[PDB]
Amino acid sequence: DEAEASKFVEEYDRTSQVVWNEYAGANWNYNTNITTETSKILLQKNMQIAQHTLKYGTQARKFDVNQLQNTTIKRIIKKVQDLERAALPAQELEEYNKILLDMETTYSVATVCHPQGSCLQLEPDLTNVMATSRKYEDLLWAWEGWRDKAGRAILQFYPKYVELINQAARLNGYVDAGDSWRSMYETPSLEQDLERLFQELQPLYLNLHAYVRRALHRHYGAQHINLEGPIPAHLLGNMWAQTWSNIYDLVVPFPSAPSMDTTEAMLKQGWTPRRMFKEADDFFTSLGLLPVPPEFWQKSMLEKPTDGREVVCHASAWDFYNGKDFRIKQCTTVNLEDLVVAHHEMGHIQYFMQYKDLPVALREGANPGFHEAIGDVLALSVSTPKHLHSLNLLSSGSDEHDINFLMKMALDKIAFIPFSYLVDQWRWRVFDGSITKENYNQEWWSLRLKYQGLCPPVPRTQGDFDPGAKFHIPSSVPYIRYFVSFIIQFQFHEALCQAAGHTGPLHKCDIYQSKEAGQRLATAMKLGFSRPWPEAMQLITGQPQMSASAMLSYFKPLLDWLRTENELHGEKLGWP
């Protein structure tokens, strides 16, 4: 009956709200007051939600959904039939939840110590080392040490995790966990579409890579940089070499056009975590988008707590499933990177608020990439010299300043493309059994080489598990969403710049206060997961494909500059 599928999704919706709230409830209380008290309540909440998932998922499975007339109801029920981990038998479920928890915990408490000297955590201590050291051996120490202590300690967990995550996926009708993850895009052509997009950004990436390598050669010495080879992975200013803007100082196109210390000026002006998020909120509301509610301000955690209570520090945005309570937890450092991340997280919150009246099953982004993209869009405008100046973080003109800013943007946006691409290429092949525990690491480095053109500064040996040194691997968060985000964020920016009436070069656009730009975003965000994502894309951009052409157009002046510069020096693009 049509009416009985209707009643079912109504009940699911009512009961999911309550149960999901309680779990987000408990999970929050844990994350922002790790104790074994909150940790014991979290465990009990895990079983509660698994038990509701099972109850509802079993019932949803009894609907012959072909026969379902209403498309929203068909779509909700189809999703409820996926139990996720709740599909597992009781034993396996217990052990998977515990694997996830032990992996996350291992990663987040791992420290690197000098022999009778200090122990360094990943944030801020090792992150700052990677960002600011210019000494090969000091970078290597932090780079190797992090892998020694985080990645190797993940390895004892990973095989069992893969086994249980694949098992849950097969139990929900997928072939393996990767297949389950890719199905979030509802795009049978996903893998080839992503490949084409990655191929489109190779000229820009290869030219960026070659110019950066020559600049490293100049700093680190001819004996340590091969001008036709991969770059050693510890020299890019970032623990994973996944963004390169901390070595802007070594690579500036035009040293003659100096620019302000963004970080120093924020500090210099006593920016706090709160001002950072307040500025993010202001940008959202300038677009006519929704302000975060008063509750957000009361309950969010915007900086490492100081009552000596212990917390999980990775920036994250939280929906509590009651249409009222949305939160961010981030141990905000006062710097440029973190201001972007504030925007990133605030984009998540905006989406939560835009779709909060849908059925919970439809409360997701049009695809995971759209969710990751929202904040970054706003942040592209934020990073303009024009905007940074309006916030009193830059002094201003020239072609030089322009090429300098593009370079700064490139070391964030372009460098991340291969990295964000390779992560799930690796995991997809682990999940499908192509990569086994005997070759996790070797296959990671194959992809690190093939896609990013990087090599490990020291030989890896059996027992290393470098992937486990990147948060999302032990936390089991899919990563392709970030490669998608990075492409479609420039298309969004181009479309909103167009809505806003900007003309001339795309990278000069700043959509601050554009109500036309807000309306495009709001309409798409309001859809949630109610319609195939090409419809949200078409709402924003007027067409329905993912496309690198906007990112290319944004970067085109930099492409020309890098070609001229690379050609002048005879660079050989790539790493034979």
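A residue's number is simply how far along the shown sequence it sits, counting from 1.
The entry models residue 396 and residue 397 with a gap of 1 to 3 deposited residues left without coordinates. When the mean C-alpha temperature factors of 63-71 and 45-53 are read from the deposited coordinates, 63-71 comes out higher. Taking the mean C-alpha B-factor of each stretch as recorded, 211-219 and 316-324 are not equal, and the higher mean is that of 316-324. The PDB entry gives the largest Cα B-factor of the residues 373, 265, 415, 142 to 265. Between the residues 536, 509, 550, 26, it is 26 that shows the highest Cα B-factor in the PDB record.
Among the modelled residues of the chain, residue 180 sits in the lowest third by CA temperature factor in this PDB entry. Per the PDB record, residue ranking by Cα B-factor puts residue 310 in the highest third of the chain.
Sorting the modelled residues of the chain by their CA temperature factor places residue 275 in the highest third.
In the deposited entry, the Cα temperature factor of residue 258 sits in the top third of values across the chain's modelled residues. When the modelled residues of the chain are ordered by C-alpha B-factor, residue 481 sits in the lowest third.
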